[PDB]
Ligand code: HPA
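Only one chain is given next, in structure tokens, and it is the form deposited without the named molecule.
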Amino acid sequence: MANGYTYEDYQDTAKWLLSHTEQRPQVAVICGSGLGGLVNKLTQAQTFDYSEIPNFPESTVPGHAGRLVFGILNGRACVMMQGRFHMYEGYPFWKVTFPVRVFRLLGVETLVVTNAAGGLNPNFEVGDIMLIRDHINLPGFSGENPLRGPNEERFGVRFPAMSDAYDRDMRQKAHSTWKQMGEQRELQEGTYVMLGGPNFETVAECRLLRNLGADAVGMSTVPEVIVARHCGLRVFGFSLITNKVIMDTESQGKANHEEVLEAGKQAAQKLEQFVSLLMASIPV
């Protein structure tokens, strides 16, 4: 069905959270596959299992702890989604994106999204970090959109713009921070295309996706970004290139969630330091 949550449902969850923690984060971070380690840098951390939070869905995917963690990251108060929800789990987008609106009602102003992704751009290598400059919402083309149904004007407008989805200032700061890190490999950047999943792409599909102008492919993020932008949140994020997608038929190989998770560990420290540093650049 279309969005089942009323404005009050979001409000109730927000109030519940506010009454269970003294922390008041202005930044929210959604950790994708193999990126749950970001919470490790949090001090004064308070954890809530998704099942404790009224109205919150459940992370069923491996590598998605399913915990909402409040804490200080590089002197900045934040709330992290250690694990997220995906359409392929059977969740409609209005459920997948539930936390984003709750965050808005908590006083959050900035949303950082991260995910594991397959590289479509041939110049990418496993371990690359790609700053998301733009996206292509394939499910959206068919009408599968978290905003489908009556519009809640207390959140945003009926026809929100998406061309400026990823904050220009933050991406600039992101590049500056990367340089301060003295990293060898250049900070990649590009377009992230989202598809439903859960199966991995065929060679024909990959070629098509690259030809559409996509740099990385995944099964998440985009719906959260759309909902964030609809309610006025500043958004920025990145994809951890966990694998090079098979672009030629029978080229000895096939993607697997194992390599995805395993990759998240080698580049864990990398993006973990990066995100912590970015906290300082996030305004307010």
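Counting begins at 1, following the sequence as shown.
If you look for the form solved in complex with the named molecule, you will not find it shown, but the lines that follow are about it.
Only one listed stretch (163-171, 128-136, 110-118, 95-103) carries heavy atoms within 4.5 Å of the named molecule in the deposited bound form, and that stretch is 110-118.
Candidate site formed by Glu201, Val245 and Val260: every one of these residues places a non-hydrogen atom within 4.5 angstroms of the named molecule in the deposited bound form. Just one of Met219, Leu38, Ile226, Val69 comes within 4.5 Å of the named molecule in the deposited bound form, counting any heavy atom, and that one is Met219.
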